[PDB]
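Here the structure is laid out as structure tokens; the discussion comes afterwards.
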Amino acid sequence: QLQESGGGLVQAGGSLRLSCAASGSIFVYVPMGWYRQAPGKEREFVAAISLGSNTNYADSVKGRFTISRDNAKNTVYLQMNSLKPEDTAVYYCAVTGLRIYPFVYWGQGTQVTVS
Amino acid sequence: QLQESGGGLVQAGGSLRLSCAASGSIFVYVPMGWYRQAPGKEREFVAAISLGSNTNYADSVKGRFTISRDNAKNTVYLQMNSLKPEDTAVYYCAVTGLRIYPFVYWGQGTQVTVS
Amino acid sequence: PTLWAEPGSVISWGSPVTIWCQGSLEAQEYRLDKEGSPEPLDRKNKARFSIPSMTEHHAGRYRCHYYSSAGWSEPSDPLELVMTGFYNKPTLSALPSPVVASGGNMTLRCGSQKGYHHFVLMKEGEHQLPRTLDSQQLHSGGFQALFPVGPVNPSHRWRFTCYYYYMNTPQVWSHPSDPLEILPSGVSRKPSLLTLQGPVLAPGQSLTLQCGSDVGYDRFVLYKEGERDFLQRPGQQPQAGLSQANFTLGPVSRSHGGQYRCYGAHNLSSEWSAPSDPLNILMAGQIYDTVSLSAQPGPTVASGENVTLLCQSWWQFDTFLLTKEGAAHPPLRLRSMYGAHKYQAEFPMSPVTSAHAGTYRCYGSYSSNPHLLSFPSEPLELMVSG
Amino acid sequence: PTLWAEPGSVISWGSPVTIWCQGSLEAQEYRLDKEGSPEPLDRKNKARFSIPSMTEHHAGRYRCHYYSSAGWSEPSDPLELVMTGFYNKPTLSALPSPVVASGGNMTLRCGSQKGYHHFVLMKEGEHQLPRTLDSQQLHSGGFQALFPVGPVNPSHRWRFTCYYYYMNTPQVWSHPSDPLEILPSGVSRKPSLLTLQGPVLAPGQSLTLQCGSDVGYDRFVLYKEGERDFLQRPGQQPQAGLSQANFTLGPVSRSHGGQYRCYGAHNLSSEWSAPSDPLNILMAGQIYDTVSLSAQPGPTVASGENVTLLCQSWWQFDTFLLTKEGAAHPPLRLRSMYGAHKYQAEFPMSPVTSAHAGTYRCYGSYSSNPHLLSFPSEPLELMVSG
């Protein structure tokens, strides 16, 4: 289904890059991006990009994260810069905009422990 | 799908018992049994039993092998007695009589090396 | 001469069945001949031909002859001794719905992946004769037969079971399908269907649906659109002439979102009332696409000004639903329009009064299942002042 | 005033498109207004409004106004600039078959798992207008629309493409379906379809089907029943008036078992001939249920005796097929009968002549796919003597 990469942890002000590769179906026409859990919280929205190369960014990471997509290999990239301590979370690769059940395809998850 | 048991090997005149358990679909109404390959040969028929407790036996093992079925657990048993050296083969558990494609469900196989 | 079976002509696998024959009150010995396969068969103007366990060798056509002093008599009426339970059961469903008007037709669908020859539809009753149809290959794989049923008169219950068999063994049938009941709905006064919970239900909440009648219905049936079966509860009458029933659906999942109606019937009648007004159950937190809510002028406004609430999304939702906290009526649905790189709906509150103040949330949904909603937007406080 | 697009009104995602407007040969400046979203738009009685890359923001209705000396003119005819390629493509199939008679109707089916609002059917041509249908929910999941097509006149080719879109963006369509061609079949002399291989084909064998005509057809089309598309080869004419084509199907798999017909057409005609006589391709070794063959009296018999060949199985096959080694005609099929705990068919060879001697094999099959056979039985030698 979905395979993630680029996990790990760094100190404040560091930089990490996330990767997500898609397989098993047609994913060229739907947005791809990242949601994140948190200790004691729920999955918020982080970033997404669709076919028209339009990007969506949460206000908490606006102008600090950069998402990019490779339409050839069905692979998306997240460029996290200026990592604040409140970014410590488990980021989930997501395929959204399915318009039908289950409405989402999730990745197994990756750990980011910016402290 | 199908899980086999009771493999191994014995000398001439020995006795082995094969087991096959079924899972994944409805297997109550179809015959269950064993086919066997051979070095340099094809899969022949060995034995089968159906819902009505009717048994089918190949002429090469007639009166020497006994098949039995447990309708509760979808599990079949083969009672091989008087093992001749030409019984050395790889026995496959089979669900036959599907009436539709793929017409068969095979087991991964077990090794019998009567020598 | 006559030939029959006491338990019936349709016998499940491995169960006793007894065949009886009747002559002219005077005969030396009866004989039984299965059509084709068995020549002989043997086992007070009656003879008993018992079968301790019914097997596929006993399924077929049977005839009886009683030998009198003048010779052999005429052949008996052939008896079709059918065995069932030899194959996996088919599926059975009503095409529009199990709810049909009083009178009027509908279609039942037998279905299996192996029933490529024939399907049998049996109706529950005393002397009901089965109906057979040729199987049809489906484009997506599998086989089906469509049985016309009707007119459905409200004089008795309508329950059906599906079977299939193959051409080489016409008297060996599959396991029976799960029974399906058909409810004839009349023009009697409709019940009232109310929900005890809010407009939008969060996953895990408890839901209780409540029917009620002022004509004193004894039974209540709750049906959700697009389902195979229905629910059924008896009606409680603490006060005569006002009955009610509660349908506790437990913790709600996505399968609880849909359109609901309920019907009532009297004690000795098989006719049901008119449907209630439909009740729609919405389930939030099913779609992870985000929606947001904002007042176009601003949260704090003065009375008499033009105020518009705007629910928008980066995802291409089909409709938006605006929910006010404390409001018991269903949310207001509006289709979405494409704007400046967003999809949005405008909820006009112009002119704004002091009754519009409160907490508002908005949801998105797709038309494939308009009862499964997204997560609620961040609450917006609409402040009004004179 | 008029408005049009040079490449066309249907533009794939990310490809150039140019919009041209025409005034009254005298105007100071043209203006373009997209319906709803875009207020302004700007970019020799013509004006050029180029779009280097087509995106979903450019899809919609367009109108044109030319400003003369007397004021603004009348609104132009609206232009639908449709973008395609925004969603996964639907499926498109012919309901009975892509082969239809010359004249006469047929049904095409659009299909997708997400197209729950509308489907579009486009026919290949010059000024063909698309047809829109409402989507229908299927019982097994998914959505479809059934388009009536006809009468199919043999004056031109018939090729179609399917689309779907959603209500909020009517001018944003999915990726086009794979094109589907419809062949009108007339009453011209049918070709001849011959197979170079034996009656029953073992898996892995090479199969070559051969069409031929004595009226000199230039093209040949081979169609297998139940498929979406067909094959097409040009006809070879070493001698004038006698054409032929070979369809090499390579190593045979189970998908090669079926019923085959082939058609021929002339050089400048879109009408095809009558179908050939059907050719059935049987694939052995697909079912592991065993069959056996035995002569009822015995293998060695004398001429004039009653000889019956019996193919039987412990499994409940639907039919049996008997093949003689060296025989080129199709095998003889007989339905199976239930006997003494076996299923069998009897192949009567009474009275037996000297031409009945040879090697015989029998096969079993089920009616779900009567072209996929079991493994052959052990060969039987029928010996005759005067």
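Following the order of the structure tokens, first chain is A, next is B, and so on, with residues numbered from 1 inside each chain and ligands from 1 in the order they appear.
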(message) Could you list, as number ranges by chain, every residue within 8 Å of segment 20-31 of chain A, counting only C-alpha atoms and ignoring same-chain residues fewer than 6 positions away?
(response) A: 1-5, 48-51, 71, 73-77, 93, 95-98; D: 86-88
Can you write just those residues out, C-alpha atoms, as a PDB file, in the first residue's frame?
```pdb
ATOM      1  CA  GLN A   1       0.000   0.000   0.000  1.00  0.00           C
ATOM      2  CA  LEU A   2       1.982   2.961   1.361  1.00  0.00           C
ATOM      3  CA  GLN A   3       5.628   2.880   2.473  1.00  0.00           C
ATOM      4  CA  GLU A   4       7.167   5.723   4.476  1.00  0.00           C
ATOM      5  CA  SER A   5      10.763   6.813   5.070  1.00  0.00           C
ATOM      6  CA  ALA A  48      -1.055  17.798   1.079  1.00  0.00           C
ATOM      7  CA  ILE A  49      -0.500  18.166  -2.658  1.00  0.00           C
ATOM      8  CA  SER A  50      -2.746  17.126  -5.536  1.00  0.00           C
ATOM      9  CA  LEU A  51      -2.425  16.483  -9.263  1.00  0.00           C
ATOM     10  CA  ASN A  71       3.836  12.022 -10.292  1.00  0.00           C
ATOM     11  CA  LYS A  73       6.738   7.218  -9.050  1.00  0.00           C
ATOM     12  CA  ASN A  74       3.649   8.136  -6.975  1.00  0.00           C
ATOM     13  CA  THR A  75       5.963   9.468  -4.273  1.00  0.00           C
ATOM     14  CA  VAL A  76       5.535  12.576  -2.109  1.00  0.00           C
ATOM     15  CA  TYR A  77       8.142  14.435  -0.073  1.00  0.00           C
ATOM     16  CA  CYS A  93       1.117   9.308   5.127  1.00  0.00           C
ATOM     17  CA  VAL A  95      -4.202   9.278   0.460  1.00  0.00           C
ATOM     18  CA  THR A  96      -7.291  11.481   0.747  1.00  0.00           C
ATOM     19  CA  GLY A  97     -10.062  12.635  -1.545  1.00  0.00           C
ATOM     20  CA  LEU A  98     -11.300   9.127  -2.337  1.00  0.00           C
TER      21      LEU A  98
ATOM     22  CA  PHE D  86      -8.893  14.752 -13.588  1.00  0.00           C
ATOM     23  CA  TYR D  87     -10.085  11.330 -12.373  1.00  0.00           C
ATOM     24  CA  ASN D  88      -9.368   7.680 -13.061  1.00  0.00           C
TER      25      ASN D  88
END
```
(request) Using only C-alpha atoms, select each residue of chain C with any atom at most 9 Å away from an atom of chain A, and give the selection as a list in words. (result)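 Only these qualify: residues 286, 287, 288, 289, 290, 314, 315, 316, 317, 341, 365, 366, 367, 368 and 369 of chain C.
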(message) List as an MDAnalysis selection string the protein and nucleic acid residues near segment 222-229 of chain C, meaning an atom at most 10 Å away when only C-alpha atoms are counted, but skip any in the same chain fewer than 5 places from it.
(response) (chainID C and resid 92:99 179:182 193 209:211 245:247 256:264 275:276 278:280) or (chainID D and resid 139)
For the contact check between chain D and chain C, emit one row per residue of chain D within 7 Å, containing the shortest atom pair and the distance in Å rounded to one decimal, counting only C-alpha atoms, chain then rising number order, as CSV.
```
residue,atom,partner,partner_atom,distance
D:37,CA,C:339,CA,6.2
D:116,CA,C:368,CA,6.1
D:168,CA,C:337,CA,5.9
D:318,CA,C:168,CA,6.6
D:336,CA,C:168,CA,6.3
D:337,CA,C:168,CA,6.0
D:338,CA,C:168,CA,6.9
D:339,CA,C:37,CA,6.4
D:368,CA,C:116,CA,6.1
```
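Here atom CA of residue 172 of chain D is placed at a distance of 17.9 Å from atom CA of residue 91 of chain D.
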